[PDB]
Amino acid sequence: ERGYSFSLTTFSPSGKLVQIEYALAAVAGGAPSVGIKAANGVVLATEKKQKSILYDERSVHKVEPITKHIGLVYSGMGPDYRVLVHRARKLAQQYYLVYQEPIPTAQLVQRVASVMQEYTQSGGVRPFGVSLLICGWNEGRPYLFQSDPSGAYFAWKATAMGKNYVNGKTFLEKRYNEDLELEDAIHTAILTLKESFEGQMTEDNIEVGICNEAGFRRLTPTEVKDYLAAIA
Amino acid sequence: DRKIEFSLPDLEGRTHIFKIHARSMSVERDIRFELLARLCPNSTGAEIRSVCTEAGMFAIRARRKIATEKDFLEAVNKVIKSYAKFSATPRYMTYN
Amino acid sequence: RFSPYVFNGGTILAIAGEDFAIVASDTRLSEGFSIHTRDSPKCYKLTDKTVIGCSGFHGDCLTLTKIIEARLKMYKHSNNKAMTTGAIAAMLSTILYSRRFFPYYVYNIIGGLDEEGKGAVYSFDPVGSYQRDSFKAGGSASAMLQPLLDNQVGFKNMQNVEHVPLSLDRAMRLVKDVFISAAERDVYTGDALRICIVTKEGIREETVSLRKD
Amino acid sequence: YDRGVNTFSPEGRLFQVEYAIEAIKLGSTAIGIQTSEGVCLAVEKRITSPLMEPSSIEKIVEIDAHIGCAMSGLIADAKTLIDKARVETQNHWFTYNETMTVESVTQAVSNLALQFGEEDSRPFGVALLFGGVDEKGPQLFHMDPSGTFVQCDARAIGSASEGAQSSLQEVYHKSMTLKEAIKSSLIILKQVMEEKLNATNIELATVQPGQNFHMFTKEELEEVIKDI
Amino acid sequence: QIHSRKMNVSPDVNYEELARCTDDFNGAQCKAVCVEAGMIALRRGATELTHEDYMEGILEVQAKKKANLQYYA
Amino acid sequence: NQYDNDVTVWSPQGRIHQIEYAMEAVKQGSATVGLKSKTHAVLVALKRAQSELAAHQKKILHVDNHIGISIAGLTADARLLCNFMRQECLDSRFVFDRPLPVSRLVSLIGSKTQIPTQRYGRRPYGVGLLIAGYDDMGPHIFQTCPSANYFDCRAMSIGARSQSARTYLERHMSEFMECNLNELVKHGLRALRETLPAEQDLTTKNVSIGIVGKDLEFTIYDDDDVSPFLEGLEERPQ
Amino acid sequence: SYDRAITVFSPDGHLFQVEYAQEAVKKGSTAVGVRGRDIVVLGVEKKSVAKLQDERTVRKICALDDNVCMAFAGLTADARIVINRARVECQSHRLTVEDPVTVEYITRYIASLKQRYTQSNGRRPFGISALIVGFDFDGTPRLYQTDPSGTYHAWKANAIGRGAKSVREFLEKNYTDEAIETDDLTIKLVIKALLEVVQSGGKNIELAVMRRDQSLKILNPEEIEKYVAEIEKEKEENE
Amino acid sequence: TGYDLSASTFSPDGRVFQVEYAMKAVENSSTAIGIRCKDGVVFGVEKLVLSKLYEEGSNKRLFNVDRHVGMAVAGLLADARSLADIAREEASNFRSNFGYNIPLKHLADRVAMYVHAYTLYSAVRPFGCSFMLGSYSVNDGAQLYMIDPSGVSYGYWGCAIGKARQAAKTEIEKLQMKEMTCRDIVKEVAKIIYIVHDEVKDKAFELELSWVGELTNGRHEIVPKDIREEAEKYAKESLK
């Protein structure tokens with residue numbers, strides 16, 4: 001067949017893009033998560049509860065590496081995430097096959113944001129419904145970026161996304177400063193995940209990945225159980 | 001049982017409507033109505049009556065007791081072609 | 001390597017009469033040193049007033065013939081009448097031009113009557129150029145055939161030569177003599193002669209046998 | 001509320017082509033007459049402004065030296081079809097070294113007449129009278145926004161078409177001549193037009209078996225007006 | 001045939017032809033063909049009922065929009 | 001209603017009113033009757049004009065030497081399917097060097113016409129093609145429809161007011177497979193005289209008759225040559 | 001591909017996008033163009049500038065060739081791309097036939113371009129109209145107009161824009177033969193028309209003439225105040 | 001409403017009414033049965049005589065897909081023969097690519113996926129057709145499939161589609177197709193359609209039977225004339 005070739009999103013008489021206005025609420029119903037850069041690298045912490053005991057939490061993952069030194073999490077819905085994940089996995093390689101170098105995080109965001117805004121204008125498609133948190137320690141300094149379904153982005157010191165981020169960012173405003181370490185951002189990241197978490201925060205209720213100057217990696221529930229140990 | 005349609009007149013019913021609404025008004029004698037009916041392909045009888053009743057008001061404009069053919073032409077372009085933004089008909093021809 | 005073209009022989013001849021047209025050809029299909037058949041006429045009655053002669057590559061002759069027979073019915077189904085002879089030559093000139101960069105290996109001579117009941121000879125190159133003539137020979141021994149018709153027909157190189165119009169009976173024994181004389185020296189001149197006659201009444205046919213080397 | 005562009009009527013026919021039948025009723029009136037002496041043709045201009053140049057607009061335009069045309073309804077879309085007719089005649093002459101007949105022109109345009117869609121937009125709002133002299137003598141045809149065409153002997157098309165046909169059937173017969181067909185046409189035009197008749201409101205063109213297509217101008221035209 | 005009882009019916013009728021040229025009707029519309037065919041004969045002043053009275057009653061029961069169409073075929 | 005807009009959309013009863021409206025345009029056309037003998041196939045068409053100076057619109061079209069058709073609907077789709085029809089004759093004539101079978105052809109026509117009856121924004125073809133043709137099985141009379149459901153028959157009629165002609169053919173159809181061309185043609189003319197107003201019947205400019213014969217090419221006959229066939233008929237009883 | 005018929009017929013036989021586009025033409029700035037016998041004079045009114053920042057970019061009088069100048073009204077965006085295609089086309093005529101382009105030919109290119117543009121799919125029609133003024137070979141000055149339906153149409157004088165029917169009513173009530181006697185007298189007729197236009201507090205006019213042999217020439221606002229001074233003086237003594 | 005217009009939309013209880021409306025037109029087609037015997041498949045199609053002016057043998061609701069593969073249709077005739085074209089071409093794809101004859105499970109898979117292919121879009125409609133596929137193999141015995149308008153197929157020892165579906169399939173289970181060869185199966189197929197479509201609803205009808213098996217040497221063809229005249233000899237024993 002073919003597509004539709006007409007944009008289903010128009011400006012309101014109030015001048016608002018209404019499907020984007022609803023997609024922000026679709027992000028707002030997303031799972032709560034936070035991420036903090038502190039002077040050596042970035043800590044990404046999400047909140048992942050299985051709906052029943054029948055699930056394998058060791059099957060799927062929220063914390064997703066993009067390259068050697070870049071990780072990424074989200075706050076939104078499931079199936080929209082993995083597609084643009086795979087797109088970013090490609091875009092790193094189309095950078096690398098040209099430049100023989102890993103991509104700067106900003107240079108990745110310049111392409112991903114263009115994919116999302118290019119997608120929210122094109123004909124016959126609903127826009128995306130996730131927001132992203134992107135980490136990376138390129139050229140020494142760590143980086144912490146955030147996108148939206150409209151296709152913009154921001155450079156945060158620390159922020160919150162998902163449910164109750166309007167309270168979590170007030171917690172981070174009363175919590176963070178410039179001089180912290182990665183394990184400190186681990187501890188206050190558990191402290192802000194416990195603000196909106198359930199009654200029991202075990203080793204599998206969360207998933208935390210970190211950047212270093214050694215690069216991005218993801219935690220196992222052994223040392224993540226050590227982090228939930230002696231917490232709060 | 002009976003299902004009577006009321007369409008628009010073809011030419012001659014329109015000319016007859018001109019003779020209906022234009023019989024009782026002070027007119028120039030040697031005007032023709034068929035020329036006026038040729039200028040209204042799709043028009044109702046109320047529109048024809050408004051052409052007549054406006055066309056007399058053109059005679060009331062300056063200082064004339066009986067209207068002329070060019071007064072009728074001053075009625076046709078205003079009622080037909082200047083109010084043509086509204087026209088009230090075309091989404092009712094399909095009755096929607 | 002694989003050569004796409006080959007020479008199949010064949011010899012055609014057409015003379016425009018005053019109220020007739022004579023289209024004759026041999027009936028031999030052959031190449032190399034051997035004979036395919038002793039029966040291959042080249043008379044093709046397009047209309048009642050148009051017969052075409054085709055020589056050279058035989059598959060090109062058959063393909064060209066069938067495309068012509070398609071386009072006549074296309075003309076009639078679009079135009080409710082038949083093609084004239086000049087319309088046939090006018091179309092088929094463009095048809096021969098249409099494969100300019102891969103030409104047909106076919107010589108063509110069109111015989112037929114005009115709108116005025118007179119003969120008309122239109123002879124083609126393999127590219128698509130032509131003219132209207134009185135008599136043209138095509139094929140192998142056309143270099144043997146044409147100057148004899150320049151002598152008898154054209155009345156050339158003769159002193160105190162009268163100019164009688166060519167009668168049909170004169171033209172018949174002219175053909176029947178000249179194909180024997182071509183048959184004595186040409187190896188491509190066949191073993192039977194197809195003669196087709198276009199008059200105001202229709203098309204007659206006649207086959208006159210030849211020698212069979 | 002908004003149906004498709006290819007939607008049949010409940011009565012069965014269409015909507016939009018039937019609307020284009022209504023759309024040609026607003027154009028200026030035109031009359032062509034097929035006479036065995038030759039086909040005459042005439043039209044008004046619907047002159048609007050004193051500052052307007054009159055000869056910029058026209059309805060007579062030829063396709064060949066034996067084919068003239070007459071348009072009605074919309075105007076700007078007709079010139080495309082004029083170009084297709086001219087090009088098609090040059091195809092037929094280029095390929096057959098002869099003249100394409102008038103009916104074979106008319107079916108070629110009429111095949112083009114209904115070809116819009118939503119692949120590869122709207123029908124045409126014109127009305128066409130076709131004059132020519134083929135081997136069958138004088139020929140006069142008339143085609144349709146539905147692509148239906150017919151041979152006519154004396155056809156009046158415009159806003160005064162139905163009144164002029166009634167006044168035309170009573171005066172036409174099979175043994176007319178051209179000079180009385182011209183004056184007979186200008187009588188009917190003089191009846192149906194609005195403005196006062198002169199050598200500038202109207203224009204004519206005739207085609208003959210003898211000579212080619214000829215268009216009249218403001219020198220040889222007003223003699224019929226003073227001799228009406 | 002039932003509703004054609006109390007009317008002056010000439011034997012020019014063919015109810016099999018009528019019910020075949022009248023598809024997509026119900027008992028109310030087939031009842032209406034009888035009364036309109038019974039009115040057309042009074043319009044022309046006829047007393048009996050003929051085939052064309054039914055055939056014209058069909059076109060009134062169908063209630064088509066008249067719009068100037070003879071330009072087919 | 002809302003189920004009466006597009007070809008794709010089904011009715012709740014399952015009856016597509018777009019095709020049902022395409023059946024109306026063939027009911028608007030004039031009448032014609034196709035029939036066949038044992039060895040001959042005859043179809044008779046009733047021409048119409050608009051003004052008395054306007055010529056009468058032809059309907060019979062010669063497709064091949066053994067194939068003749070007649071139309072009912074719009075002339076644009078009639079010529080559209082007609083050029084396709086001539087094309088579908090001359091191409092297989094160009095391939096196999098033989099006449100093309102009629103039953104084989106009309107199947108291709110129905111497959112051709114089925115396609116825009118399924119897509120979106122695509123009209124059906126409103127036409128009522130009557131097809132007289134020869135296989136090696138002699139005469140064949142087929143009819144079409146805008147629903148692309150072609151029917152073999154021995155005698156049918158389409159256009160406005162064809163039912164009376166059908167009633168004529170039902171009570172005389174036993175005669176048709178014995179009688180030859182002369183009375184057979186005027187049997188068809190007796191079918192056409194039934195479906196007319198009671199005052200004009202056969203005024204030698206509004207009628208055409210096409211015949212294909214077992215040794216006779218399909219010939220269309222118009223008014224002049226109709227006059228030897230049109231004579232010898234009885235006066236209309238009333 | 002966005003295949004969609006936009007221009008549709010009305011049930012009473014109209015084209016809604018065309019008649020709406022002509023309203024958008026009917027609200028643009030008023031332009032008046034007249035022809036003389038040797039020198040043509042055309043000009044726009046209602047400049048409506050900020051009168052403190054740049055003004056050369058807002059020019060609405062262009063030239064397609066040396067002998068053809070062009071004014072317009074409507075929305076400015078759609079006009080200049082048609083001007084761009086017209087420049088490629090008129091240069092392409094010299095790539096063909098050696099002569100300069102005739103104004104009748106280029107107006108047939110404009111209208112013929114416009115109609116099929118109303119005929120295609122997925123396209124709103126143009127929202128502009130133009131006055132195309134050309135002095136051809138053998139020095140015959142003439143002009144045309146362009147309807148948004150695409151009908152080229154000659155005149156002796158014309159005026160389009162917001163408030164153009166009353167201006168045309170002034171032009172028929174003031175156009176004589178002796179007004180085209182002197183060229184500046186015709187310029188005084190144009191300034192009489194723009195003065196008979198609307199408000200136009202002095203600085204609200206942009207005129208351009210051609211002596212059928214030169215390029216376009218725009219007077220600085222000194223002959224504007226000078227010709228307005230002799231026009232107000234002549235009306236002052238006439239009153 | 002509005003939830004029943006496109007074939008791309010679900011209902012607020014979660015179904016598609018366009019498919020069901022296309023299913024409704026199948027029960028307006030008259031009657032198509034087909035049962036397999038012990039060693040072959042017999043199709044049965046009765047045919048309503050619309051008018052006398054038609055010729056016997058027209059517009060057959062009984063198709064011949066391959067030399068062995070048989071189809072019996074019930075629905076719209078143009079869509080039915082349209083599906084016969086692509087299935088007929090599909091067996092030509094199988095033999096043209098793989099060099100032998102297609103099995104019924106593969107063939108009904110391909111055609112069934114072609115039916116399901118038009119069940120996803122607002123651009124095309126569902127078919128209003130159901131049909132049956134039956135053949136015989138020397139390596140696989142006899143097969144009997146049937147395909148709904150939605151595109152779901154199954155195997156059968158016997159099935160029936162048309163107007164009176166239940167009123168036909170009620171009597172098929174009285175038979176014993178596990179042991180009967182395709183000889184008395186012909187007359188028993190004839191009787192169970194002779195008992196249906198009463199003379200109130202139908203004026204006249206026509207017997208149209210199909211027949212395949214190793215007695216038919218695997219080839220698909222129509223029944224002979226004398227055998228169906230034994231069926232019409234077996235006709236008027238249903239009045240008792």
# chains A, B, ... in the order shown; residues from 1 in each chain; ligands from 1
call {"tool": "residues_around", "arguments": {"residues": "residue C:189", "least_positions_apart": "5", "cutoff": "12 Å", "atoms": "only C-alpha atoms", "output": "PyMOL selection string"}}
result
chain C and resi 8-13+25-30+35+38-41+138-142+144-145+178-184+194+209-213
call {"tool": "residues_around", "arguments": {"residues": "residue B:15", "least_positions_apart": "5", "cutoff": "8 Å", "atoms": "only C-alpha atoms", "output": "number ranges by chain"}}
result
B: 33-34, 37
call {"tool": "atom_distance", "arguments": {"atom1": "atom CA of residue H:238", "atom2": "atom CA of residue H:194"}}
result
7.7 Å
call {"tool": "residues_around", "arguments": {"residues": "residue B:45", "least_positions_apart": "6", "cutoff": "10 Å", "atoms": "only C-alpha atoms", "output": "ChimeraX atom specification"}}
result
/B:8-9,13-14,16-18,20-21,51
call {"tool": "interface_residues", "arguments": {"of": "chain A", "to": "chain G", "cutoff": "12 Å", "atoms": "only C-alpha atoms", "output": "list in words"}}
result
residues 1, 2, 3, 4, 5, 6, 7, 123 and 124 of chain A
call {"tool": "closest_atom_pairs", "arguments": {"of": "stretch 35-117 of chain D", "to": "stretch 150-173 of chain D", "cutoff": "8 Å", "atoms": "only C-alpha atoms", "output": "CSV"}}
result
residue,atom,partner,partner_atom,distance
D:35,CA,D:153,CA,7.3
D:72,CA,D:158,CA,6.6
D:73,CA,D:158,CA,7.5
call {"tool": "write_last_selection", "arguments": {"atoms": "N, CA and C atoms", "output": "tab-separated table (two decimals), in the first residue's frame"}}
result
chain	number	residue	atom	x	y	z
D	35	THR	N	-23.85	24.07	-42.96
D	35	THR	CA	-24.55	24.21	-44.23
D	35	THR	C	-23.69	23.52	-45.27
D	72	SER	N	-17.26	27.45	-24.68
D	72	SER	CA	-18.26	28.06	-23.82
D	72	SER	C	-18.02	27.56	-22.40
D	73	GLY	N	-18.69	28.20	-21.45
D	73	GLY	CA	-18.44	27.88	-20.05
D	73	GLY	C	-17.16	28.52	-19.57
call {"tool": "select_by_dssp", "arguments": {"residues": "stretch 2-224 of chain A", "states": "strand (DSSP E or B)", "output": "JSON, numbers by chain"}}
result
{"A": [11, 17, 33, 34, 35, 36, 37, 42, 43, 44, 45, 46, 47, 64, 65, 70, 71, 72, 73, 74, 75, 131, 132, 133, 134, 135, 136, 137, 142, 143, 144, 145, 146, 147, 153, 154, 155, 158, 159, 160, 161, 206, 207, 208, 209, 210, 211, 212, 215, 216, 217, 218]}
call {"tool": "residues_around", "arguments": {"residues": "residue H:157", "least_positions_apart": "4", "cutoff": "10 Å", "atoms": "only C-alpha atoms", "output": "list in words"}}
result
residues 34, 35, 36, 37, 38, 41, 142, 143, 144, 145, 172, 173, 176, 177 and 178 of chain H
call {"tool": "select_by_dssp", "arguments": {"residues": "stretch 8-126 of chain A", "states": "helix (DSSP H, G or I)", "output": "ChimeraX atom specification"}}
result
/A:18-28,78-99,105-121
call {"tool": "closest_residue", "arguments": {"among": "F:109, F:31, F:46, F:72", "to": "chain E", "atoms": "only C-alpha atoms"}}
result
F:72
call {"tool": "residues_around", "arguments": {"residues": "stretch 214-228 of chain F", "least_positions_apart": "4", "cutoff": "12 Å", "atoms": "only C-alpha atoms", "output": "short mmCIF file (atom, residue, chain, number, x, y, z; two decimals) with N, CA, C and O atoms, in the first residue's frame"}}
result
data_model
loop_
_atom_site.label_atom_id
_atom_site.label_comp_id
_atom_site.auth_asym_id
_atom_site.auth_seq_id
_atom_site.Cartn_x
_atom_site.Cartn_y
_atom_site.Cartn_z
N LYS F 36 -29.63 -15.21 -31.00
CA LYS F 36 -28.89 -16.04 -31.94
C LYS F 36 -29.76 -17.16 -32.47
O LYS F 36 -30.69 -17.64 -31.81
N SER F 37 -29.45 -17.58 -33.69
CA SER F 37 -30.02 -18.76 -34.30
C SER F 37 -29.10 -19.94 -34.02
O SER F 37 -28.25 -19.90 -33.13
N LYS F 38 -29.29 -21.02 -34.78
CA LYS F 38 -28.32 -22.11 -34.76
C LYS F 38 -26.98 -21.68 -35.34
O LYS F 38 -25.94 -22.15 -34.87
N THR F 39 -26.98 -20.83 -36.37
CA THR F 39 -25.75 -20.50 -37.08
C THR F 39 -25.55 -19.00 -37.29
O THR F 39 -24.61 -18.61 -37.99
N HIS F 40 -26.41 -18.15 -36.72
CA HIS F 40 -26.30 -16.72 -36.95
C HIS F 40 -26.59 -16.00 -35.64
O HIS F 40 -27.37 -16.48 -34.82
N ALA F 41 -25.97 -14.84 -35.47
CA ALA F 41 -26.16 -14.05 -34.26
C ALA F 41 -26.54 -12.63 -34.65
O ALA F 41 -25.83 -11.99 -35.43
N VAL F 42 -27.67 -12.16 -34.12
CA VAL F 42 -28.29 -10.90 -34.52
C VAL F 42 -28.55 -10.08 -33.27
O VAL F 42 -29.11 -10.59 -32.29
N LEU F 43 -28.17 -8.81 -33.31
CA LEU F 43 -28.55 -7.87 -32.26
C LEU F 43 -29.04 -6.57 -32.88
O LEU F 43 -28.49 -6.10 -33.88
N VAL F 44 -30.09 -6.01 -32.30
CA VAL F 44 -30.80 -4.85 -32.84
C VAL F 44 -30.80 -3.76 -31.79
O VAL F 44 -31.20 -4.00 -30.65
N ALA F 45 -30.38 -2.56 -32.18
CA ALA F 45 -30.22 -1.43 -31.28
C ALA F 45 -31.16 -0.29 -31.66
O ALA F 45 -31.37 0.02 -32.84
N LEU F 46 -31.69 0.36 -30.62
CA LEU F 46 -32.63 1.48 -30.76
C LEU F 46 -31.89 2.78 -30.51
O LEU F 46 -31.60 3.12 -29.36
N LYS F 47 -31.60 3.52 -31.58
CA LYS F 47 -30.89 4.78 -31.45
C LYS F 47 -31.77 5.86 -30.84
O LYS F 47 -33.00 5.79 -30.85
N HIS F 56 -28.58 10.59 -34.57
CA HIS F 56 -28.94 9.54 -33.63
C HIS F 56 -27.69 8.81 -33.16
O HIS F 56 -26.81 8.47 -33.96
N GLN F 57 -27.62 8.56 -31.86
CA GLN F 57 -26.43 8.00 -31.24
C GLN F 57 -26.35 6.50 -31.52
O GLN F 57 -27.25 5.74 -31.14
N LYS F 58 -25.26 6.08 -32.16
CA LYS F 58 -25.05 4.67 -32.45
C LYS F 58 -24.68 3.91 -31.19
O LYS F 58 -24.22 4.49 -30.20
N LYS F 59 -24.93 2.60 -31.21
CA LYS F 59 -24.61 1.77 -30.06
C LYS F 59 -23.86 0.50 -30.44
O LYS F 59 -23.12 -0.07 -29.63
N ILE F 60 -24.05 0.03 -31.67
CA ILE F 60 -23.44 -1.21 -32.12
C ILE F 60 -22.00 -0.93 -32.53
O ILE F 60 -21.73 -0.03 -33.33
N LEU F 61 -21.07 -1.70 -31.97
CA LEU F 61 -19.66 -1.55 -32.30
C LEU F 61 -19.09 -2.87 -32.80
O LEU F 61 -19.22 -3.91 -32.14
N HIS F 62 -18.47 -2.80 -33.97
CA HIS F 62 -17.74 -3.92 -34.55
C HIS F 62 -16.39 -4.03 -33.87
O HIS F 62 -15.55 -3.14 -34.01
N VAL F 63 -16.17 -5.12 -33.15
CA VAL F 63 -14.88 -5.34 -32.51
C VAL F 63 -13.96 -6.15 -33.39
O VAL F 63 -12.89 -5.69 -33.78
N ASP F 64 -14.36 -7.37 -33.72
CA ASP F 64 -13.58 -8.22 -34.60
C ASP F 64 -14.50 -8.65 -35.73
O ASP F 64 -15.69 -8.32 -35.73
N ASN F 65 -13.95 -9.39 -36.69
CA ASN F 65 -14.71 -9.91 -37.81
C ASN F 65 -15.81 -10.87 -37.38
O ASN F 65 -16.80 -11.01 -38.10
N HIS F 66 -15.66 -11.51 -36.23
CA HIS F 66 -16.70 -12.37 -35.69
C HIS F 66 -17.21 -11.88 -34.34
O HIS F 66 -17.96 -12.61 -33.68
N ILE F 67 -16.82 -10.69 -33.91
CA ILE F 67 -17.21 -10.17 -32.60
C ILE F 67 -17.86 -8.80 -32.77
O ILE F 67 -17.22 -7.86 -33.25
N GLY F 68 -19.11 -8.69 -32.35
CA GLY F 68 -19.78 -7.40 -32.32
C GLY F 68 -20.50 -7.23 -31.01
O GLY F 68 -21.07 -8.17 -30.46
N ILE F 69 -20.48 -6.00 -30.50
CA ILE F 69 -21.07 -5.69 -29.21
C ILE F 69 -22.05 -4.53 -29.35
O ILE F 69 -22.14 -3.89 -30.40
N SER F 70 -22.76 -4.26 -28.26
CA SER F 70 -23.64 -3.11 -28.16
C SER F 70 -23.58 -2.58 -26.74
O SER F 70 -23.35 -3.35 -25.80
N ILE F 131 -22.96 -8.95 -26.14
CA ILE F 131 -21.83 -9.51 -26.86
C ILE F 131 -22.32 -10.63 -27.75
O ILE F 131 -22.80 -11.66 -27.26
N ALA F 132 -22.20 -10.44 -29.06
CA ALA F 132 -22.45 -11.49 -30.03
C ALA F 132 -21.12 -11.91 -30.63
O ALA F 132 -20.40 -11.08 -31.20
N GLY F 133 -20.80 -13.19 -30.49
CA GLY F 133 -19.52 -13.64 -30.98
C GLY F 133 -19.55 -15.09 -31.40
O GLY F 133 -20.52 -15.81 -31.14
N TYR F 134 -18.47 -15.51 -32.04
CA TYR F 134 -18.31 -16.88 -32.50
C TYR F 134 -17.12 -17.53 -31.82
O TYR F 134 -16.00 -17.01 -31.89
N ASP F 135 -17.36 -18.66 -31.18
CA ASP F 135 -16.32 -19.64 -30.95
C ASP F 135 -16.38 -20.63 -32.11
O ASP F 135 -17.04 -20.38 -33.12
N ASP F 136 -15.72 -21.78 -31.97
CA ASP F 136 -16.01 -22.89 -32.87
C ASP F 136 -17.32 -23.58 -32.53
O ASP F 136 -17.77 -24.43 -33.30
N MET F 137 -17.94 -23.22 -31.41
CA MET F 137 -19.27 -23.68 -31.03
C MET F 137 -20.37 -22.78 -31.59
O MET F 137 -21.48 -22.77 -31.06
N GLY F 138 -20.07 -22.03 -32.65
CA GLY F 138 -21.07 -21.24 -33.33
C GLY F 138 -21.41 -19.97 -32.59
O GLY F 138 -20.54 -19.28 -32.06
N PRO F 139 -22.70 -19.65 -32.53
CA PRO F 139 -23.12 -18.36 -31.98
C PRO F 139 -23.14 -18.34 -30.47
O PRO F 139 -23.47 -19.33 -29.80
N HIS F 140 -22.76 -17.19 -29.92
CA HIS F 140 -22.72 -17.01 -28.48
C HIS F 140 -23.19 -15.60 -28.15
O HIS F 140 -22.66 -14.62 -28.68
N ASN F 180 -34.46 -18.69 -39.96
CA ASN F 180 -33.24 -18.10 -40.48
C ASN F 180 -33.28 -16.58 -40.36
O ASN F 180 -34.11 -16.01 -39.63
N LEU F 181 -32.38 -15.93 -41.09
CA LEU F 181 -32.08 -14.51 -40.92
C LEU F 181 -33.26 -13.60 -41.22
O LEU F 181 -33.45 -12.62 -40.50
N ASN F 182 -34.05 -13.92 -42.25
CA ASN F 182 -35.03 -12.97 -42.77
C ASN F 182 -36.15 -12.73 -41.77
O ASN F 182 -36.42 -11.59 -41.39
N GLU F 183 -36.80 -13.79 -41.32
CA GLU F 183 -37.80 -13.64 -40.28
C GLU F 183 -37.20 -13.54 -38.89
O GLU F 183 -37.88 -13.08 -37.98
N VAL F 185 -34.54 -11.59 -38.02
CA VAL F 185 -34.30 -10.16 -37.82
C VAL F 185 -35.59 -9.45 -37.44
O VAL F 185 -35.63 -8.71 -36.45
N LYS F 186 -36.67 -9.72 -38.16
CA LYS F 186 -37.92 -9.08 -37.80
C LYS F 186 -38.59 -9.71 -36.58
O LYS F 186 -39.49 -9.09 -36.02
N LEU F 189 -37.07 -7.36 -34.40
CA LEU F 189 -37.80 -6.12 -34.57
C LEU F 189 -39.15 -6.18 -33.89
O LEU F 189 -39.65 -5.16 -33.40
N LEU F 202 -40.58 2.58 -35.94
CA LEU F 202 -39.42 2.13 -36.73
C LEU F 202 -39.08 3.12 -37.82
O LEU F 202 -38.97 2.77 -39.00
N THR F 203 -38.91 4.40 -37.48
CA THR F 203 -38.80 5.40 -38.53
C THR F 203 -37.40 5.52 -39.14
O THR F 203 -36.90 6.63 -39.31
N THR F 204 -36.78 4.37 -39.47
CA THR F 204 -35.66 4.20 -40.41
C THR F 204 -34.47 5.13 -40.19
O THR F 204 -33.68 5.35 -41.11
N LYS F 205 -34.34 5.73 -39.01
CA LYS F 205 -33.15 6.47 -38.63
C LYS F 205 -32.78 6.22 -37.18
O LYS F 205 -31.74 6.71 -36.72
N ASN F 206 -33.59 5.46 -36.46
CA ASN F 206 -33.45 5.25 -35.04
C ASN F 206 -33.21 3.79 -34.69
O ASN F 206 -33.63 3.34 -33.62
N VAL F 207 -32.54 3.05 -35.56
CA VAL F 207 -32.47 1.60 -35.47
C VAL F 207 -31.24 1.12 -36.23
O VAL F 207 -30.86 1.70 -37.26
N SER F 208 -30.57 0.10 -35.70
CA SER F 208 -29.46 -0.53 -36.40
C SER F 208 -29.43 -2.01 -36.04
O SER F 208 -29.85 -2.39 -34.95
N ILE F 209 -28.97 -2.84 -36.97
CA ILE F 209 -28.99 -4.28 -36.77
C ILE F 209 -27.64 -4.85 -37.18
O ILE F 209 -27.21 -4.68 -38.32
N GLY F 210 -26.98 -5.54 -36.26
CA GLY F 210 -25.73 -6.22 -36.54
C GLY F 210 -25.93 -7.72 -36.58
O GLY F 210 -26.65 -8.28 -35.75
N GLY F 232 -42.11 -5.18 -44.56
CA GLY F 232 -42.71 -6.48 -44.38
C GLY F 232 -43.15 -6.78 -42.97
O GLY F 232 -43.34 -7.96 -42.64
N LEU F 233 -43.30 -5.77 -42.12
CA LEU F 233 -43.75 -5.97 -40.75
C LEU F 233 -45.19 -5.52 -40.61
O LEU F 233 -45.65 -4.63 -41.33
#
